[PDB]
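> Once you've had a glance at the structure underneath, I'll fire off some questions.
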Amino acid sequence: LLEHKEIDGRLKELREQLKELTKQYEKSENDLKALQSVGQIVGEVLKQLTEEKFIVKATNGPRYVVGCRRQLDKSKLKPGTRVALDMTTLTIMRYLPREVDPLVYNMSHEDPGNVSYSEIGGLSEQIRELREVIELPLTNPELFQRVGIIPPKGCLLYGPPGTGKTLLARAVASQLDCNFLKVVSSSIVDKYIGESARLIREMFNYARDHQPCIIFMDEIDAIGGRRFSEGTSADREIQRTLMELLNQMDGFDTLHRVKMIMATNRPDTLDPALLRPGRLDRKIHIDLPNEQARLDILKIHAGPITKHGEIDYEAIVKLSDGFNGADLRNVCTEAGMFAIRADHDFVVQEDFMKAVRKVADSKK
Amino acid sequence: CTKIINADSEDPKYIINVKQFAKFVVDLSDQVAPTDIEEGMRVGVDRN
Amino acid sequence: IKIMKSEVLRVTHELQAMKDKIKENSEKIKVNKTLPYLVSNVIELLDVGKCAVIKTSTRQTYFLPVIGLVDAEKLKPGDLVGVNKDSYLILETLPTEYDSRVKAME
Amino acid sequence: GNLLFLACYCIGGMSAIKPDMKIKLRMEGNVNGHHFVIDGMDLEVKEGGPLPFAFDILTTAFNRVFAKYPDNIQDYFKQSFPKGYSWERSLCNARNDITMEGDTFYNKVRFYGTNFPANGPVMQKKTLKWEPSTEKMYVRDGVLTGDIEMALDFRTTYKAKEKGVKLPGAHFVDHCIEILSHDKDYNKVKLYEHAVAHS
Amino acid sequence: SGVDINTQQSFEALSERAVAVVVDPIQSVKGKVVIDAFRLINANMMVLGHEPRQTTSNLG
Ligand SMILES: Nc1ncnc2c1ncn2[C@@H]1O[C@H](COP(=O)(O)OP(=O)(O)O)[C@@H](O)[C@H]1O
Ligand SMILES: [Zn+2]
């Protein structure tokens, strides 16, 4: 232990502490390759002239005939497949997934927030039916094919506002942990004449590209509101969008592994062609919560709040008839706010009672 | 010339839009002081 | 001790060489990351361990197998960047320009 | 409300080209009071109009050109190429720099001075000529120092970028520099830089 | 180019005979090779009206 105190008094830092610089060695390492890359054109393959010559159009630029790399999947070089081009030799470098619309991207990257099936409240039979009709084709298609049925394309979830259709679909996505397209119909109608149907096409093309994907088209009454020949331009464009949706949904190109959810508050105004099976095989009445459903809503939403002594769901249920979901949650929210009026760190029965009273009064 | 990028004598680059041509983030020539350059004034620049 | 002191001397000499190696790397990285970057809107980021596609202000889309010399997490699809004018990699990130009407209100 | 309007499209063509970047052989100086800059061997003052001093005070600071040497005398000026030679000139001091500013290959001959006498012969613009002056070139400390007497001290130091060229022996090169053609305002000048080596 | 002419002047200062060959590497598609070699013309030579190079054969 003469010069072996811990390790020569130097190696403890000469081995790792200064060797942190080697991590920077790794850093600059990427940089070297990050400087030998030259970037590449991006274009779309227009045609397969022969086994080697590919007619390729660069975006916002000229078009060429270009060969592909020696090792590449020519079978996947279908027309329209976005590809990269070496800027100098102009050869097919690597295919790219189809360009996604910024709107579709934005609608595609909102986090579902891992909402659990516990957090629904009193939807047991309907949630089981929806779980069946959506998820079961995503688990045992062999079951259906041995039965002999074609897996369902999708279903409608109709009910009054605040009945939890959006949250129910979000929970379905979170349980699935698949690609979710939370789309609200009122946000896709545009003054630009051919843009709404184009957006629908982009949505469904994204869905086909990113199986398994879930298309949740909220407020579908704003698109599929029956076809009539009054002739005003706006509703006519709405019919065009509706029929683009109908084609993208049960059109010539058959759909595989893509299931759709359409929620509305006025199911009766939907187009009969959209209402027909093959497109919307199930119509699920997500209706107002019953008394049992109401108390389930209160008990499930009562989780995060801290209860002091006694809180009974039944009295609130009796005093909150006609409530539907979110409003009940409202009762909790301002209750905590009520807790700051007299400066508590908790909630009381009177707190909840006056909270539900205020919620009911605001509902009038 | 566009936003000054908050130079403070260490980041004197500015992004400039050459008309219908592109826009580039560039630095000054030695002959001009930053006090003479500010957002939104027409500036004559070299080509490479 | 003796073989361990030999290991200590070995590691300190390799550090001594690698310091100037890092200096040379920084020298050449400044040699190539010069200054007149070209602005470009990052169209999006794809997976291959990530690649990018951008749209330069010379109305040209451009695929980058490696996203230049910056981080690769925030990189919003619309994040204006300064990309090298010849080898076309994202040399730096620069603050967003505006959102039209958001500039209209001061 | 029921607008549903179409859209037209008006493209804007856009293109440019970087030309052959042009080398501007320009000297700069602030010897007494004026930031004079001159382009140039025809000489033309870019900025710093009619000089408060005579031109000669700066005519001695004028790569790409070298004196003529015989075969006996080693031509450090010549073999230092292609890079060229950088010199420090002491009169007031002068240095030559090569920079890449903008799109111009800058061969600066940056001038600087101090201790300007209030009635010195350099500012009344009086001038007869520069008599032929012999520079004794010799190596002091690995630097090629040329000692020249100014007739109308100079402690020139020449260093090659190629720091491998052998240093020539102490010789005596005769320089004959005279302002060939000029104007009274001294804005359109032609200079002479003839100089031959002598052992 | 102007800068190319400049560097070639620098090289010629080293030795009067000195060539500045250039090669187009992307125009050199299999078969033809696009490459040339130029020296210079002295400005005094051209302004005086004399031709840059004497001719004595058809080789040039
Ligand atoms: N089973 C349920 N029924 C009704 N509302 C619910 C249910 N579960 C949660 N909510 C409440 O509904 C809110 C979300 O709005 P939601 O009712 O899902 O949209 P929609 O108007 O489509 O029904 C949540 O804040 C939540 O408090
Ligand atoms: Zn060139």
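Throughout, chain A uses Swiss-Prot numbering, with the displayed residues spanning 16-379 in order.
Quick check of the header: electron microscopy, 3.1 Å.
Using the three backbone atoms N, Cα and C, a Cβ is placed for every residue, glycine included.
Pulled these features from Swiss-Prot for this protein:
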- A:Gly174, A:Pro175, A:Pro176, A:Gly177, A:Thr178, A:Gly179, A:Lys180, A:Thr181: ATP binding site (BINDING)
- A:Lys72: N6-acetyllysine (MOD_RES)
- A:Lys206: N6-acetyllysine (MOD_RES)
- A:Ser244: phosphoserine (MOD_RES)
> Among the recorded positions listed here, A:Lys72, A:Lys180, A:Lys206, which has the most company in the form of other Cβ atoms within 10 Å of its Cβ?
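Most Cβ neighbours within 10 Å: A:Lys180.
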> For the recorded positions A:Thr178, A:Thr181, A:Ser244, which one has its C-beta crowded by the most other C-beta atoms within 10 angstroms?
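Max Cβ neighbours within 10 Å, all protein chains included: A:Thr178.
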> Can you tell me how far the Cα of A:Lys206 (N6-acetyllysine) sits from the Cα of A:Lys180 (ATP binding site), in Å?
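A:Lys206 (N6-acetyllysine) to A:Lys180 (ATP binding site), Cα-Cα distance: 28 Å.
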> DSSP on A:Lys72 (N6-acetyllysine), three-state: which is it?
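Assignment for A:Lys72 (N6-acetyllysine) reads strand.
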> If you check the recorded positions A:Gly174, A:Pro176, A:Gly179, A:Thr181, A:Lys206 one by one, which have a CB less than 6 Å away from any atom of ligand 1?
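Listed by sequence, the hits are A:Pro176, A:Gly179, A:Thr181.
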> If you skip the near sequence neighbours and keep only those at least six away, which residues in the chain come within under 8 angstroms of A:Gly179 (ATP binding site), Cβ to Cβ?
A:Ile135, A:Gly136, A:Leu138, A:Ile301, A:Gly340, A:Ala341
> When C-beta separations to chain D are restricted to under 8 angstroms, which of the recorded positions A:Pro175, A:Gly177, A:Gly179, A:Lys206 qualify?
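Of A:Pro175, A:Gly177, A:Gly179, A:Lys206, the entries that lie near chain D are A:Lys206.
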> Let me know how many other Cβ atoms fall within 10 Å of the Cβ of A:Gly174 (ATP binding site).
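Result for A:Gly174 (ATP binding site): 21 other Cβ atoms within 10 Å.
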> Could you round the CA separation between A:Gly174 (ATP binding site) and A:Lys72 (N6-acetyllysine) to a whole angstrom and send it over?
48
> For ATP, what surrounds A:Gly174, A:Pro175, A:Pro176, A:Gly177, A:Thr178, A:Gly179, A:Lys180, A:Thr181 with a Cβ no more than 8 Å from their Cβ centroid?
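Everything else in range on the chain: A:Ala278, A:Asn280, A:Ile301, A:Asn339, A:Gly340, A:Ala341.
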> Within 10 Å of each Cβ, count the other Cβ atoms and name the one among the binding-site residues A:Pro175, A:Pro176, A:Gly177 with the highest count.
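Of the binding-site residues A:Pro175, A:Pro176, A:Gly177, the highest Cβ count within 10 Å belongs to A:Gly177.
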> Whole-number Å only: compute the distance from the Cα of A:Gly177 (ATP binding site) to the Cα of A:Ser244 (phosphoserine).
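Given the Cα positions, A:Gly177 (ATP binding site) is 33 Å from A:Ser244 (phosphoserine).
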> Taking only the Cα atoms, work out how far A:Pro176 (ATP binding site) lies from A:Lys72 (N6-acetyllysine), in Å, as a whole number.
48
